[PDB]
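**Q** Fold the following.
(2 chains)
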Amino acid sequence: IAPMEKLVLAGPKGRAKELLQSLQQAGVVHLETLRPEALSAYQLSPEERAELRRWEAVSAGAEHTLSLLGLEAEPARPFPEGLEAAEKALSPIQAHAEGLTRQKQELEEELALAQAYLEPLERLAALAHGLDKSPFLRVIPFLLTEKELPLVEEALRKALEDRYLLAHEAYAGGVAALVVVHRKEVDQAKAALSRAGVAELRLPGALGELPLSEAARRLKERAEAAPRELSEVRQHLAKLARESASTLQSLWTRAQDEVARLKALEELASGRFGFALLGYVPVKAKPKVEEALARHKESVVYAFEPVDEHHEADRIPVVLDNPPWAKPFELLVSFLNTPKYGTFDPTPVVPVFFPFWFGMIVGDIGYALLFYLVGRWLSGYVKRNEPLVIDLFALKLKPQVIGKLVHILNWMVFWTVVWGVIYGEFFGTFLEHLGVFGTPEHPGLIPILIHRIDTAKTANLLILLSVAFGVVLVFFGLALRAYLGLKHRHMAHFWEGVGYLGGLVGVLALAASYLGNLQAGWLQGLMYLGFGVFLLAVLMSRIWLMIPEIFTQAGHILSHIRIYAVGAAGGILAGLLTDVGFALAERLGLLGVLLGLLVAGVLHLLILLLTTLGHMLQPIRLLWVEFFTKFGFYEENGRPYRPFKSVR
Amino acid sequence: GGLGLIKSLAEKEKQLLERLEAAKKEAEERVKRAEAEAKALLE
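**A** Residues are numbered from 1 along each chain as shown, chains lettered A, B, ... in the order given. Sharing the structure here:
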């Protein structure tokens, strides 16, 4: 959690424009409007509005030109020049690419429409090569269905029977039923045939709009000409993209920067040839903000005023401000919303407990070695500095997120291998072959703290460990909520957290007294004081946070045994799979151990790919469901620290 | 701070505009005296 103090500057109008360009260069501070009192709205100029619209149109045209070029919006260094010369440079390449794309789309559509009726038009023209455009006979040609020519010839028999040359010659993809008699009677018979179901070959463009032989010659010319034209169009388009993509990207960067400055000028406040700007900035950037203000025209008043108090901090931004050892969990912390800028940053407990619970979840050392191999693959991909692209997942990831994922995977796998040594499990049960764990049933090597196969000596202790971890997390969350309520001086939530802690303590004490063991003397006054503290905080609150809320908190505390449940389930599944594979390999033959071990590794990899996602997700989900919700973390979602971009 | 800049900018534009219109009223007086001298010299 950062201090996030208030930062203000002032000056004249164009002086604020230059200082705003400088502050957008060193974009480490978010702004604020403060339009309300004793100033203008800073509608800058109609000329400034027109220039901003022009630069925005230049940026939109550059984006559309990159879209038509096929390239993506990759940021780079800007192109510092005037707006007119940049527009003149952009419009040439955009016009060339637009004409090339229009010609390519039209030629592809023309080639497709020519290929759709290529051979049938030729066959119909060869059949009708005597009366093509003679002024006595219209020839209704129809690309009609299969050999049911009497069904359409019923209308021809309804016409003059020994007249009206009507047949289908060849090209069985569509039967070229051509019927040629006259103009008027043939038009009536064509209406009757369309009533029986028929359609004249009237295509678009000119091939369905000209005489048959001329349209056939033009369609054959287009079919012979379209492919080399499309190939040369693709070649010229690729050459234009390869020759103009860097300039278009630099122009898009400079245009995005100018449009950002123009849109940021709208948030200013005018003072009738006077201007000022206010916002937030972190306390760790006060030297950077002072160095940015060193380039001011008259070293303008950099007012580094303090942030608001524990109350009334609503538009204040929010930042992580965590240790660099814990910097990798920032994406998992920021998967949810932001805190109340005075709420407890719970990111450290994530690295404190999610690795410790996750090692208890997965205790397979062979899965840890496979995770190390996959992390080495991801580390080589990040060292290659390419963007992580998964098209079926639509996942494009930067190298920073991949490196944070690799660091989190290493920090997970260390404690995972530690707990797998504690569980004594490597790739399932490899101890069936060589007994690396030492059991009293079969001593092969040094003894395991947990055999992880039987539960007669393990289940009670595992449930006790999970319950103790969950109770410690619930008590830490309740204490953090009470401390935050005492800090914010809101005694309702503080009394609520104190009463919830007392009710949980009394519930656990009375449960361990009655349903647990004997010796109900020491904890009797404890349970009585817990119930009394619950009733006293209920009287001090009168908020009707009833026994339903206490039972929900108790269930959230008791839900920590799901970690031991999932760990025992995965261990039982891996041990059963490895035992069946080792039995059917060695005990059944001792020679199909290659094929048996391959099938066992395939089944183990399938079970890992099926269950490891949920096994890793359940601990982080339990952490987000317990440590956040016990401490609140669902109030007003915070305000984001959005400084000036300079996207680069 | 912010509200201090609000008050300061309000006072800035108030006093600078008031000086501006005071000087243009004295310019009006200069115009009046100049055409008075013009018509006195012509007559």
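
**Q** What count of nearby residues applies to the closest residue to residue A:285 other than its chain neighbours?
**A** With sequence-adjacent residues excluded and distances taken as Cβ to Cβ, 6 or more residues apart in numbering or on different chains, residue A:285 is closest to residue A:28, at 4.6 Å. Every residue, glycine included, has its C-beta placed from N, CA and C. Around residue A:28 there are 18 other residues, counting by other Cβ atoms under 10 Å in any protein chain shown.

**Q** Help me confirm that residue A:28 comes into contact with residue A:645.
**A** No - between residue A:28 and residue A:645 there is no contact under Cβ atoms under 8 Å: 11.1 Å.

**Q** what comes up buried for stretch A:389-408?
**A** For stretch A:389-408, the neighbour count (16 or more other Cβ atoms under 10 Å in any protein chain shown) marks A:399, A:402, A:404, A:405, A:406, A:407, A:408 as buried.

**Q** any residues touching that stretch, and which ones?
**A** Stretch A:389-408 is contacted from outside by A:327-332, A:375, A:378-379, A:381-382, A:385, A:387-388, using Cβ atoms under 8 Å, 6 or more residues apart in numbering or on different chains.

**Q** what's the answer for stretch A:485-496, then?
**A** The contact list for stretch A:485-496, computed with Cβ under 8 Å, 6+ apart, reads A:310-311, A:342, A:481-482, A:484, A:497, A:537, A:540-541, A:543, A:545, A:632.

**Q** Could you work out the end-to-end span of that stretch for me?
**A** End-to-end distance of stretch A:485-496 (Cα to Cα, to the nearest Å): 9 Å.

**Q** hmm, back to that, of the contacts of stretch A:389-408 - the most surrounded one?
**A** Busiest of the contacts of stretch A:389-408 [other Cβ under 10 Å] is residue A:329, holding 22 neighbours.

**Q** Could you check how many residues crowd around whichever residue of the stretch 451-600 of chain A sits closest to chain B?
**A** Going by Cβ to the nearest Cβ, chain B is nearest to residue A:488 of the stretch 451-600 of chain A, at 23.5 Å. Counted with other Cβ under 10 Å, residues neighbouring residue A:488 total 16.

**Q** hmm, back to that, which among the contacts of stretch A:485-496 count as buried?
**A** Applying 16+ other Cβ under 10 Å to the contacts of stretch A:485-496 flags A:342, A:481, A:482, A:484, A:497, A:537, A:541, A:545, A:632 as buried.

**Q** and residue A:147, how far is that from residue A:138?
**A** Distance of residue A:147 to residue A:138, given as Cβ to Cβ, to the nearest Å: 25 Å.

**Q** Which residue of those two possesses the greater neighbour count?
**A** residue A:138 (19 against 9).

**Q** Quick check: the more buried one vs chain B, distance?
**A** 84 Å (Cβ to the nearest Cβ, to the nearest Å).

**Q** which ones are touching that residue?
**A** So residue A:138 contacts A:180, A:181, A:182, A:183, A:186, A:187, A:190 (Cβ under 8 Å, 6+ apart).

**Q** Among the residues you listed, which one sits closest to residue A:232?
**A** Nearest to residue A:232, judged by Cβ to Cβ, of these is residue A:180 at 41.5 Å.

**Q** what number of residues lie near the residue nearest to that closest one when sequence neighbours are not counted?
**A** Once flanking residues are discounted, residue A:180 sits nearest to residue A:139: 3.8 Å by Cβ to Cβ, 6+ apart. Residues lying near residue A:139 (other Cβ under 10 Å) number 23.

**Q** Name the nearest of the buried ones among the contacts of stretch A:485-496 relative to residue A:212.
**A** residue A:632 (80.7 Å).

**Q** My guess is residue A:38 contacts residue B:6. True?
**A** Yes - when contacts are counted by Cβ under 8 Å, residue A:38 is listed as touching residue B:6 (5.0 Å).

**Q** okay, those two: which has more neighbours?
**A** Higher neighbour count among residue A:38 and residue B:6: residue B:6, with 19 against 16, using other Cβ under 10 Å.

**Q** so which helix or strand takes in that one?
**A** Using DSSP states H and E, residue B:6 falls within helix B:2-42.

**Q** on that earlier part again, of the contacts of stretch A:485-496, which belong to strands?
**A** Among the contacts of stretch A:485-496, DSSP state E puts none in strands.

**Q** Sitting in helices, which of those do you find?
**A** A:481, A:482, A:484, A:497, A:537, A:540, A:541 (DSSP state H).

**Q** got CSV for those, with distance to residue A:350 too?
**A** Shown next, in CSV, are these (distance: Cβ to Cβ, whole Å):
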residue, distance to residue A:350
A:481, 17
A:482, 21
A:484, 18
A:497, 21
A:537, 29
A:540, 33
A:541, 30
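
**Q** just checking: which of those also lie near chain B?
**A** Contacts with chain B are made by none of the ones in helices among the contacts of stretch A:485-496, judged by Cβ under 8 Å from any Cβ of the partner chain.

**Q** how about those, which pair is most distant?
**A** A:484 and A:540 (18.1 Å).

**Q** gap between residue A:15 and residue A:276?
**A** In this view, residue A:15 and residue A:276 are 11 Å apart by Cβ to Cβ.

**Q** Between these two, point out the one with more neighbours.
**A** residue A:276 (24 against 17).

**Q** doesn't the more buried one fall inside a strand?
**A** Yes - applying DSSP: H, G, I helix; E, B strand; the rest coil, one finds residue A:276 inside a strand.

**Q** wait, doesn't it sit right on residue A:12?
**A** No - proximity of residue A:276 to residue A:12 does not meet the contact threshold set by Cβ under 8 Å, at 10.3 Å.
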